[PDB]
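Comments concern the structure below.
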Number of protein chains: 4
Amino acid sequence: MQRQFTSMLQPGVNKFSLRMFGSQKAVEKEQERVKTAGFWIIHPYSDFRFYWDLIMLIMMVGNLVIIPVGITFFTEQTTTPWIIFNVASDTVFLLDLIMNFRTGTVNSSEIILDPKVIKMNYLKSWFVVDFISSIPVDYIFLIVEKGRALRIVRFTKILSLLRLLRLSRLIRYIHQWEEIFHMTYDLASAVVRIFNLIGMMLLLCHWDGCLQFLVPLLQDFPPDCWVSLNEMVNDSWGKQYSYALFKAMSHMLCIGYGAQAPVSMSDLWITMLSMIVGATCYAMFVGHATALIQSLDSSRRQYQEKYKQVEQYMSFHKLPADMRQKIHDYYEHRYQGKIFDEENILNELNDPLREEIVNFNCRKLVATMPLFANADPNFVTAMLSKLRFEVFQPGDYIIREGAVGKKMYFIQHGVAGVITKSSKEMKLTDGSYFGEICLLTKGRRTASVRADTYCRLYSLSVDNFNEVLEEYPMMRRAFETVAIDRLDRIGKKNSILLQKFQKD
Amino acid sequence: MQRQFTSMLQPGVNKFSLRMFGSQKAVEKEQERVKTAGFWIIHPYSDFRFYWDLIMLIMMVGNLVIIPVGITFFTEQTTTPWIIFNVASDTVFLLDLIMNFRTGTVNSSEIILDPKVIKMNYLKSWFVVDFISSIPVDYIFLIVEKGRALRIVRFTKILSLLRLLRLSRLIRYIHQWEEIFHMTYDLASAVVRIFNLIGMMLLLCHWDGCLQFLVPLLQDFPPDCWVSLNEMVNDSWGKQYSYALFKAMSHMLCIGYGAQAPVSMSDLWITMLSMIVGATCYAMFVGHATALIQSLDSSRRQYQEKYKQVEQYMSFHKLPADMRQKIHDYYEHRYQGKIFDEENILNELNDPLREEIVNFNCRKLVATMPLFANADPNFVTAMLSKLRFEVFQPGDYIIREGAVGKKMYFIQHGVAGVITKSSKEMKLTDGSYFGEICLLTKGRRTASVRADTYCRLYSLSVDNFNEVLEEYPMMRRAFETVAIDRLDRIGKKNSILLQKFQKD
Amino acid sequence: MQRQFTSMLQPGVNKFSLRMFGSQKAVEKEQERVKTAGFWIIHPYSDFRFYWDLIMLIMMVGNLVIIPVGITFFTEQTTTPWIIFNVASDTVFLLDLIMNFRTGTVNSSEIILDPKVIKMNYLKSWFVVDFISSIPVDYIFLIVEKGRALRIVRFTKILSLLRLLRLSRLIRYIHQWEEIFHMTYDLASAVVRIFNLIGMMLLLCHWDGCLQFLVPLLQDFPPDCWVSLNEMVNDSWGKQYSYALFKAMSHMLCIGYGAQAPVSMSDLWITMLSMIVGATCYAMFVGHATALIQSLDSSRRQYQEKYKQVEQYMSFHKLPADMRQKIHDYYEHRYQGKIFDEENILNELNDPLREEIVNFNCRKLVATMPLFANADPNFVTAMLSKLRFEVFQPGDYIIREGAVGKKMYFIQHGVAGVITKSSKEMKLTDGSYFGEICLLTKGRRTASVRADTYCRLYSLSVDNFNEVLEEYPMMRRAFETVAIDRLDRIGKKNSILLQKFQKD
Amino acid sequence: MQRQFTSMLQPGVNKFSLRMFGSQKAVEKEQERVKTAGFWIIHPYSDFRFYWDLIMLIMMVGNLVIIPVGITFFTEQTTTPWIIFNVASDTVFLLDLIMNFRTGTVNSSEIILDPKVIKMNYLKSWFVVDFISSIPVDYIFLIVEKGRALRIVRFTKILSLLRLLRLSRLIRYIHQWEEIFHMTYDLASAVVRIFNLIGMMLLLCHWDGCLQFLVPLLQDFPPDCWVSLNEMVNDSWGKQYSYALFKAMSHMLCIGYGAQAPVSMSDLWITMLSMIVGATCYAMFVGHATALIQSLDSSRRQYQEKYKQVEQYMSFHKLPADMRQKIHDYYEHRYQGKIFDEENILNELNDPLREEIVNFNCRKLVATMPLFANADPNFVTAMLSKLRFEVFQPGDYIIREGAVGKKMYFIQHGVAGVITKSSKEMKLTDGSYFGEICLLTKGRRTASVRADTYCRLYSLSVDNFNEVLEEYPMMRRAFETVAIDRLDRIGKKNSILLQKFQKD
Ligand SMILES: Nc1ncnc2c1ncn2[C@@H]1O[C@@H]2COP(=O)(O)O[C@H]2[C@H]1O
């Protein structure tokens, strides 16, 4: 199963991968490139690499949690199981270190050159810290000593603490994979940021708890320390840890001290350090929280902000209360508490998508109308692209009689009434259009039109209409025919239209 | 009164409802849809549902407040009145649970399918938690036991604590109804968010207060606990609660500990937990406050921000101080400390509304002018739509003599003076227009015009004017006539105009 | 001096007033309106009113500071000087109350109707609180009693505390005058908001300090209170106040308790209340600070944000590093770290201002050029309005030979070199223009032009140029002449131009 | 080496300098201006000045750190080394003061007038504070005394504290140079702001630590002070300082008190003051942190915000889930999680840069296409400027057969298939163009085109195409030829094209 291994090493065709590299052909090229170095090089966005990093993360986390505690509260640090654990952990880290040379880096296109690009760049960047972390230094030191004890013991713990420098690597890994996870699952940034901070914060607290206890151990439990004053040196490890952790935590969240304020200088300085660390962390957390909160209601906030401008405008012109109310109502009907700019979004989209959206919007209208179903779909598409959405309140004159008409209408939803001299009352339903005659006749509006209820209309401008009809002269005839009947019903004969019909 | 009940079950025609569903016809359709399931199904936006939720909220709140306290500070938990209270409360919750199957869900259109849509979705979503909360588990356990006591008693309290899981339901309800309340009364989001948080925070504090006391009770008041060290075990319930609450509250708001720092591990851990809960809550509160504050002065802030850009621009070109001052003055006059973009807002509005606004703005002007009152209102409307607002400072040449004039003017407010060679001094008042001759003659400006005080003018561009006058050729004649007299007064005869008049 | 008084009562012609009311004539109208009610009514924006409010504010502040302290720490509350102070203060407040009926309200235009508008609205709005505050209730109570003592004494202090309800009025006044002060001196909003909060916060702290001491006094110094445990009942007033204030302050800023955690319930509850008040206040302060900070660097922040978008764009297209660097350099040269949009700002301004700005920008250019100084200033104005600012980096081909030229140029600043076949090297200085021939000839570019150093140019488009020259055909001749000489120098004869010259 | 000195005094030609002054010629002018005053005046942006300020900053920092400590914890303040240090420090400050008269100020152009502009402005601005700081006042006082001791000693320390007023100058310097450093290295503002605050905060803490100890020293260690209660008067200086610092720091970060709550009034008041200082500082820090955090993820946040609007839009129209998914996919492909507006950025850039960018984008396309490599580069440039980027998803009809075609295409990347009646299957690769025939023929689309995979296309509109081809009629012929072959292959003969070819 070498082929399988090879496949694993190369980048898979994931959704994220596709997004990164565009087409699938492009992905293949990357794979081919990878193939140059055999049974050695690993691509940064590979599946195997992901798995490896996952493996690392758990282990790393454990080490960060467990190691300090082990160093501090357990004096028997040369016992079997512990030793076994340590060596094994070190091995994994060593392996990881080795892998980083095989692993490709990303800066432009990813650096796939094995001996030159990856090795020489990594050796001058992060290799120094990593190497120290990977190797078991304390054990080496012990071996050296082998080939007066208290001092040695004291020294060893500090040396062992070098194994905690793996945190940097962990951080790096998190930063890498989190970016990848944004391009997969569409994560909210703020949430992610807060979670990381929380993880960091807790870790720091833990370290402080360990650290505070540790200094006394290192300093041989002097009587003016906090451990000796409470008389909990001979108490169980767990209790001590808890107390230490509590002490650390208080400083972090700005509560208080331990049993008493620190007496000895060493203790005092440690406390101060913790406070400095803690307070800053807390501040950062607060900031993060604020950011998160702002993000969460950003959609709602924005709308309100936009509306505020409208209010200000009104104030500037000193409009009557009634008028203001009307405007407010209109706004409510139009946007329904949702900020967006159709002009921008539609522009951003491509043609087919736009068509799809438009069709969905006006599907009902299309179904209703007799002209739209029979004619070619291309014509329909042409028509619906040029439409512009409008909302009218009840008691608004949509068209006034005698004016110069720039735009016709299409009733998607609601009921509008027609008013003409000696025409009684005529009411229009959904899937009806009005204002077609003034654009055809090139004259004035034959009669007034006023909305009965709230009317949701799709307007079409004159120029657009003309453009549409230059492409499809057969559809104009139908329109003309429709107009003529309406005119007859009304009682106002348009002569030009009649002439045109005769000609036809 | 079954009809009434049915009506209640169906959605009413509220303002919010109208907003949601658009037209009233649409609302009727929803009602009809609801009617399919008889004496069973309840619509989410129904009036009855609202009332039910209101009923729940009070009760729920009471339970959240009262239950924990009861569990903790009252050992006599099997007494009559308490028992009566508990059972009754449980009944209501059970009823509510039953209702959720009858209640429709909102995701698109609301799911009105009774046996399939509502029941199967809710059973796999929130039913598990709810059911546990509703049932009186402790009593059931007791019954089971009936069909050594201390342990049982200890167990029972924890079981009873399951009744506090109703909080989730409460939260859900709040989230639902708050959305509805945004679409009714136009609430500020930030305020709402803060209030909810406050409610939550207080509740949490209360729980902590209860919780802290509770552990000692559960653990049988060990001598190293905070209750036994203060010697307030046998003190009255209320005092204990207060002290406990105080302790909780301090941790929340980051003040301090109780009488002393916790000695026993159990206490210590509890304290730590509280601190973790408390600190985070505080941070969240701070964030919310920040958000609120930003929202409150957002209208003011924005203006300032906008102005800052202007200042920066000036700095970039390194303008003289005098010039800068002038610009500042202009800005002050123009916007009056109010950020808004007329171009956007007007576009957003529909035609009738625009007309109304324009009319209100220029009502005074219309009243003043002799031409506007006599002519058709359509013409007036056409004119006023195309107008563009402008502000001039005293000592600014509005028109310079001999230039090519692109726009005429209309004095809404202020006083402007005309300057011509051997024309002495002429001053114009509100409701007067100037700059009409260059657009009619299609030549140069006959004389200069300079503002006396601050002038608020409505400009009309040449193209727009032409457009207006192609529709109404009768109004042009009047303009021409007006011009001729003015020309005569001046002493500069325009020949083309004269010719036109002769022709007429 | 009744006339003077009358004048004072009426609104003065301040800058703020002018801004509010527009023209000075308008202000006069307001004064006339005011005149309807004689020796009675006061305008809200009057000078006298301002002075009155100033007088109030100091007094009010003093009362807020002094009264609580007096109530608490001085048992001898019936002494002479104190009595004198109190009565006098009350008198002023009573007078202020009376004034509010005379004072006009602002909602639209300000309500100047004396008996109906001002009196009936204020009587149902804020009169209840105010009246109570104004009257000396404690003294009245004492009088009543006159026409067992300890209880009475206890009662009286609480009654006196009603005089602290003037805070509301103070707040109102501050809110009023701060708005006015925005329209005078162009204050930063955030700063103002923070200052108010600080004032409020300190006041609250003071009250808490007083309040904490006060309860013990009211409760007769019970031995389980904080005052009796420290044994500072018989200590001097000042020390007590300080300690009390300290205690209050700690709760506000989240430090700690007093000497010990509160023992008695009353004390405990008070402490809790203070904490609730304090913590919230602190949160608010933090929010305000955040807001202020964001405001302060908003000009800088915005620029950075804008740039970030550019960077993102570059990243999207995956541009070479060199190219990116070039772009960065260009950006630096163009905007100089200053965000602004000329297109918007210029549109916002009126014509004369624009002209002034343009002239200032291109004054140097005008001075340099021989054509601009001799010709009419109108022509110059026309030219300079249509110009568009551009920046070029050294080594950029401004014009390439043989291309179709849409725009000519004007060198404001920097040095550009001309490159033609067998033309050697020609270098242009400030106040020189190039690219004029392609627009005149209506053909192709005669020769290439490349920048030597960083060149700051003003471009003029073809259409604009044509527009300019239709108005002024005499200036075209000069241009033609200039071109011809250049052509001769080059060695490339343009025939059309020659023909035109011949015709001329 | 006087020439060198002179050079140093004058402004160097740095990058920052260039940015400030534009061209290098301009810089020379500044130098010339500087030359008017000889061996005296120093320019604000000079290199020497920078160095001087750097020198000051270290020294100033040291003084701020060291002086207070010296004043407080060392009673032997008249010893040799200390004296030597003090005098030397004073000398430097005196020199700096002298320099400020020689140093030019910046307000517009920098004030280079030596006796009038720089001296008279600085003498009325900041000279008062500075002078006091510079002079050794304590020593002068001592001298005066020379030409009962305890009181004198007490006095002297306070006088010496005047030397701490150099902080203002330091602040000023920082504010100056930080602005300069923004215009050099493109620093993130937020980071800079936070760092300054941190520096300030620490300094304040230090001062508080010193200050707290100092009052006892001044007050002669009264037994009710915090130093005497802990019995650490005779302890070493360092320990005392640490304890004092700790005490200060706790108040700053809101932890607690020292050993006990303050007993004496003096101590108490000091503590309160510290708390006031501390809390405010902490709040400010929090605000700064928040600002920083918002800045850091602003690029990411913005994108998310933008997307939210899209989501809202979708919600408003109530689109199907499938459709929504499609839209999401499109968005992901198009922008790749990166907010930017090409329309704005490109407008902001100049022509050459745009050309460069466009060329880089379409270099591959150019390489691919046979027509583009052979023809003139000018033509290519013309073509590529007018192109518009578009993205298509697999299964989208790019062109539908029979429609009126407004735009042709260019396949940068991906694979698109052509569909015609009885044409089998034809597939196009990168560097191929389609949609050219409808623009040439001025008719309808000959056949449909649908994307196979994700297609990245560059569209060219009809009008733009026409514009391009009016300039280059030779390139049209090639296009026609290409079309004809394609038509032949298809089987649909276009007659007009054929006619044109014949004519040619
Ligand atoms: N000898 C010259 N001196 C100054 N400018 C020139 C000379 N020759 C050409 N130019 C300018 O360089 C430009 C090149 O393109 P145009 O033909 O648009 O217009 C040309 C002139 O404006």
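By convention here, the chains of the structure tokens are called A, B, ... in the order presented, each chain's residues are numbered starting at 1, and ligands are numbered starting at 1 in the order presented.
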
Residue 251 of chain A: which residues within 8 Å, counting only C-alpha atoms, same-chain residues fewer than 6 positions away excluded, as a PyMOL selection string? (chain A and resi 257+271+274-275+278-279) or (chain D and resi 255)

Given 7 Å and only C-alpha atoms and all ligand atoms, residues near ligand 1 as JSON, numbers by chain: {"C": [399, 401, 405, 408, 418, 426, 433, 434, 435, 436, 437, 438, 439, 444, 445, 446, 447, 448, 449, 486, 487, 489, 490]}

Could you please take those selected residues and save N, CA and C atoms as a tab-separated table (two decimals), in the first residue's frame?
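Contents of result_21.tsv, freshly written:
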```tsv
chain	number	residue	atom	x	y	z
C	399	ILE	N	2.46	59.37	-21.85
C	399	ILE	CA	1.95	59.18	-23.21
C	399	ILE	C	2.89	58.23	-23.95
C	401	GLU	N	3.78	56.88	-27.91
C	401	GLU	CA	3.66	57.37	-29.28
C	401	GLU	C	2.77	56.46	-30.13
C	405	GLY	N	-5.25	59.47	-28.07
C	405	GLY	CA	-5.18	60.29	-26.85
C	405	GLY	C	-6.51	60.89	-26.43
C	408	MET	N	-5.34	65.66	-22.35
C	408	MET	CA	-4.10	66.46	-22.29
C	408	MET	C	-3.67	66.63	-20.84
C	418	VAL	N	10.24	64.31	-22.91
C	418	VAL	CA	9.60	63.95	-24.17
C	418	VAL	C	10.57	63.09	-24.98
C	426	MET	N	14.21	66.22	-24.70
C	426	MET	CA	13.54	67.47	-24.32
C	426	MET	C	12.92	67.26	-22.94
C	433	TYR	N	2.54	72.54	-20.39
C	433	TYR	CA	1.48	71.59	-20.73
C	433	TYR	C	1.90	70.75	-21.93
C	434	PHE	N	1.49	69.48	-21.92
C	434	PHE	CA	1.72	68.57	-23.04
C	434	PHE	C	0.48	67.71	-23.30
C	435	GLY	N	0.39	67.20	-24.52
C	435	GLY	CA	-0.73	66.38	-24.97
C	435	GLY	C	-1.85	67.18	-25.63
C	436	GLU	N	-1.55	68.41	-26.05
C	436	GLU	CA	-2.54	69.30	-26.64
C	436	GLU	C	-2.81	69.03	-28.13
C	437	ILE	N	-1.84	68.42	-28.82
C	437	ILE	CA	-1.89	68.27	-30.28
C	437	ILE	C	-2.89	67.20	-30.74
C	438	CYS	N	-2.93	66.07	-30.04
C	438	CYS	CA	-3.83	64.96	-30.39
C	438	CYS	C	-5.31	65.34	-30.27
C	439	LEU	N	-5.62	66.23	-29.34
C	439	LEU	CA	-6.98	66.73	-29.15
C	439	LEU	C	-7.37	67.74	-30.23
C	444	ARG	N	-3.45	60.84	-33.87
C	444	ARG	CA	-2.66	60.06	-32.91
C	444	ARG	C	-1.59	60.91	-32.23
C	445	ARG	N	-0.98	60.34	-31.19
C	445	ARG	CA	0.06	61.02	-30.42
C	445	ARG	C	1.35	61.11	-31.24
C	446	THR	N	1.88	62.32	-31.36
C	446	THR	CA	3.06	62.59	-32.20
C	446	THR	C	4.34	61.95	-31.65
C	447	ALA	N	4.46	61.90	-30.33
C	447	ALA	CA	5.66	61.41	-29.65
C	447	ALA	C	5.34	60.93	-28.24
C	448	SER	N	6.24	60.12	-27.68
C	448	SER	CA	6.06	59.59	-26.32
C	448	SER	C	6.50	60.61	-25.26
C	449	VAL	N	5.95	60.47	-24.05
C	449	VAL	CA	6.31	61.32	-22.91
C	449	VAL	C	6.45	60.44	-21.67
C	486	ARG	N	5.81	73.83	-32.01
C	486	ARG	CA	6.28	72.57	-31.42
C	486	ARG	C	6.48	71.53	-32.52
C	487	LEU	N	5.50	71.46	-33.41
C	487	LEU	CA	5.52	70.51	-34.53
C	487	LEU	C	6.74	70.78	-35.41
C	489	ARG	N	9.50	72.26	-34.57
C	489	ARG	CA	10.68	71.88	-33.79
C	489	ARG	C	10.94	70.38	-33.91
C	490	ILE	N	9.86	69.62	-33.76
C	490	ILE	CA	9.90	68.17	-33.84
C	490	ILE	C	10.39	67.72	-35.21
```

So which residues touch residue 356 of chain D within 12 Å, counting only C-alpha atoms, skipping near sequence neighbours fewer than 2 positions away, as an mmCIF file with C-alpha atoms, in the first residue's frame?
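The resulting around29.cif:
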```cif
data_model
loop_
_atom_site.group_PDB
_atom_site.id
_atom_site.type_symbol
_atom_site.label_atom_id
_atom_site.label_comp_id
_atom_site.auth_asym_id
_atom_site.auth_seq_id
_atom_site.Cartn_x
_atom_site.Cartn_y
_atom_site.Cartn_z
ATOM 1 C CA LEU C 319 0.471 40.298 -8.080
ATOM 2 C CA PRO C 320 4.319 40.275 -8.071
ATOM 3 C CA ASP C 322 7.699 44.523 -7.233
ATOM 4 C CA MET C 323 4.328 45.538 -8.654
ATOM 5 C CA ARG C 324 2.840 45.651 -5.152
ATOM 6 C CA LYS C 326 5.096 50.228 -6.909
ATOM 7 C CA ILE C 327 1.397 50.431 -6.078
ATOM 8 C CA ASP C 396 6.128 55.731 -16.183
ATOM 9 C CA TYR C 397 5.131 56.447 -19.789
ATOM 10 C CA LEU D 346 -8.818 51.020 -10.284
ATOM 11 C CA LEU D 349 -4.913 54.300 -9.614
ATOM 12 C CA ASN D 350 -3.417 56.114 -12.639
ATOM 13 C CA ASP D 351 -3.338 54.776 -16.229
ATOM 14 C CA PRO D 352 0.119 53.166 -16.430
ATOM 15 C CA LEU D 353 -0.409 51.289 -13.171
ATOM 16 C CA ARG D 354 -3.805 50.086 -14.384
ATOM 17 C CA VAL D 358 -4.364 44.453 -16.389
ATOM 18 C CA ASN D 359 -1.415 43.052 -18.337
ATOM 19 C CA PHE D 360 -0.367 40.929 -15.366
ATOM 20 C CA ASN D 361 -3.911 39.629 -14.975
ATOM 21 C CA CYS D 362 -4.291 38.747 -18.659
ATOM 22 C CA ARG D 363 -0.626 37.903 -19.461
ATOM 23 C CA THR D 381 -3.572 47.589 -24.167
ATOM 24 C CA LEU D 384 -7.404 44.702 -22.001
ATOM 25 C CA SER D 385 -8.341 48.002 -20.318
#
```

Using only C-alpha atoms, what does the table of chain B residues within 8 Å of chain A look like, with each row giving the shortest atom pair and its distance in Å to one decimal, sorted by chain and ascending number, as CSV?
```
residue,atom,partner,partner_atom,distance
B:19,CA,A:333,CA,6.4
B:20,CA,A:336,CA,8.0
B:22,CA,A:454,CA,7.4
B:23,CA,A:454,CA,6.3
B:183,CA,A:337,CA,7.4
B:188,CA,A:304,CA,7.8
B:189,CA,A:301,CA,7.0
B:251,CA,A:255,CA,7.2
B:254,CA,A:255,CA,5.0
B:255,CA,A:255,CA,5.6
B:256,CA,A:255,CA,5.1
B:257,CA,A:255,CA,7.6
B:260,CA,A:259,CA,7.5
B:261,CA,A:259,CA,5.9
B:265,CA,A:239,CA,6.6
B:268,CA,A:246,CA,7.4
B:269,CA,A:242,CA,7.6
B:272,CA,A:246,CA,6.5
B:275,CA,A:253,CA,7.5
B:279,CA,A:253,CA,6.5
B:283,CA,A:286,CA,5.1
B:284,CA,A:289,CA,6.0
B:286,CA,A:286,CA,7.3
B:287,CA,A:290,CA,4.0
B:288,CA,A:293,CA,6.7
B:290,CA,A:290,CA,7.1
B:291,CA,A:294,CA,6.4
B:295,CA,A:301,CA,7.8
B:298,CA,A:305,CA,7.1
B:299,CA,A:308,CA,6.5
B:335,CA,A:316,CA,7.5
B:336,CA,A:316,CA,7.6
B:338,CA,A:312,CA,6.0
B:339,CA,A:309,CA,6.5
B:340,CA,A:309,CA,5.2
B:341,CA,A:309,CA,7.9
B:342,CA,A:313,CA,7.5
B:345,CA,A:310,CA,6.7
B:349,CA,A:330,CA,7.9
B:350,CA,A:390,CA,6.9
B:351,CA,A:398,CA,7.9
B:352,CA,A:396,CA,6.5
B:353,CA,A:327,CA,7.4
B:357,CA,A:319,CA,7.8
B:360,CA,A:319,CA,7.4
B:361,CA,A:317,CA,6.9
B:378,CA,A:403,CA,6.5
B:471,CA,A:404,CA,7.3
```

Determine which residues of segment 324-359 of chain B DSSP labels as helix (DSSP H, G or I) from the backbone of this structure, then write them out as a PyMOL selection string. chain B and resi 324-335+342-348+351-359

Mind checking which residues fall within 12 Å of segment 39-44 of chain C, counting only C-alpha atoms, ignoring those fewer than 3 positions away in the same chain, and posting them as JSON, numbers by chain? {"C": [2, 3, 4, 5, 6, 7, 8, 9, 10, 11, 12, 17, 27, 30, 31, 32, 33, 34, 35, 36, 47, 48, 49, 50, 51, 52, 53, 98, 99, 100, 101, 102, 103, 104, 105, 106, 107, 109, 110, 111, 112, 113, 114, 115, 117, 118, 119, 173, 176, 177, 180]}

Could those selected residues go to a file with C-alpha atoms, as a CSV table (one decimal), in the first residue's frame?
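File produced: out17.csv:
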```csv
chain,number,residue,atom,x,y,z
C,2,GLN,CA,-36.8,98.3,31.1
C,3,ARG,CA,-35.8,98.4,27.4
C,4,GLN,CA,-32.5,96.7,28.3
C,5,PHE,CA,-34.4,94.0,30.2
C,6,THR,CA,-36.7,93.4,27.3
C,7,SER,CA,-33.7,93.1,24.9
C,8,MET,CA,-32.2,90.5,27.3
C,9,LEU,CA,-35.4,88.6,27.4
C,10,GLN,CA,-35.5,88.4,23.5
C,11,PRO,CA,-33.0,86.3,21.6
C,12,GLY,CA,-29.7,88.0,20.7
C,17,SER,CA,-28.6,81.9,16.9
C,27,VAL,CA,-34.2,86.2,14.0
C,30,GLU,CA,-38.7,85.5,16.5
C,31,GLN,CA,-38.1,88.6,18.6
C,32,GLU,CA,-41.3,90.1,17.3
C,33,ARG,CA,-43.2,86.9,18.2
C,34,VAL,CA,-41.6,87.0,21.7
C,35,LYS,CA,-42.9,90.6,22.1
C,36,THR,CA,-46.6,89.4,22.2
C,47,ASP,CA,-29.1,85.3,26.6
C,48,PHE,CA,-30.8,86.0,30.0
C,49,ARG,CA,-31.9,82.4,30.1
C,50,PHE,CA,-28.4,81.2,29.5
C,51,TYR,CA,-27.1,83.3,32.4
C,52,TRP,CA,-29.9,82.0,34.6
C,53,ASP,CA,-29.0,78.4,33.8
C,98,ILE,CA,-41.6,80.1,38.5
C,99,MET,CA,-39.3,80.9,35.6
C,100,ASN,CA,-40.0,77.6,33.8
C,101,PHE,CA,-43.6,78.8,33.1
C,102,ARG,CA,-42.2,82.0,31.6
C,103,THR,CA,-39.5,80.0,29.8
C,104,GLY,CA,-40.5,78.7,26.3
C,105,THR,CA,-40.1,75.1,25.3
C,106,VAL,CA,-38.6,73.5,22.1
C,107,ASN,CA,-40.1,70.4,20.4
C,109,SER,CA,-40.8,75.8,16.2
C,110,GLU,CA,-40.6,76.8,19.9
C,111,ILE,CA,-43.8,77.0,21.9
C,112,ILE,CA,-44.2,80.8,22.7
C,113,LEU,CA,-47.9,80.6,23.8
C,114,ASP,CA,-47.8,81.7,27.5
C,115,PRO,CA,-50.9,80.6,29.3
C,117,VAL,CA,-48.7,76.0,25.5
C,118,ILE,CA,-45.9,76.5,28.1
C,119,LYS,CA,-47.9,76.2,31.4
C,173,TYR,CA,-30.2,71.7,31.8
C,176,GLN,CA,-30.1,71.4,26.8
C,177,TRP,CA,-27.0,73.6,26.9
C,180,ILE,CA,-26.4,74.5,22.1
```
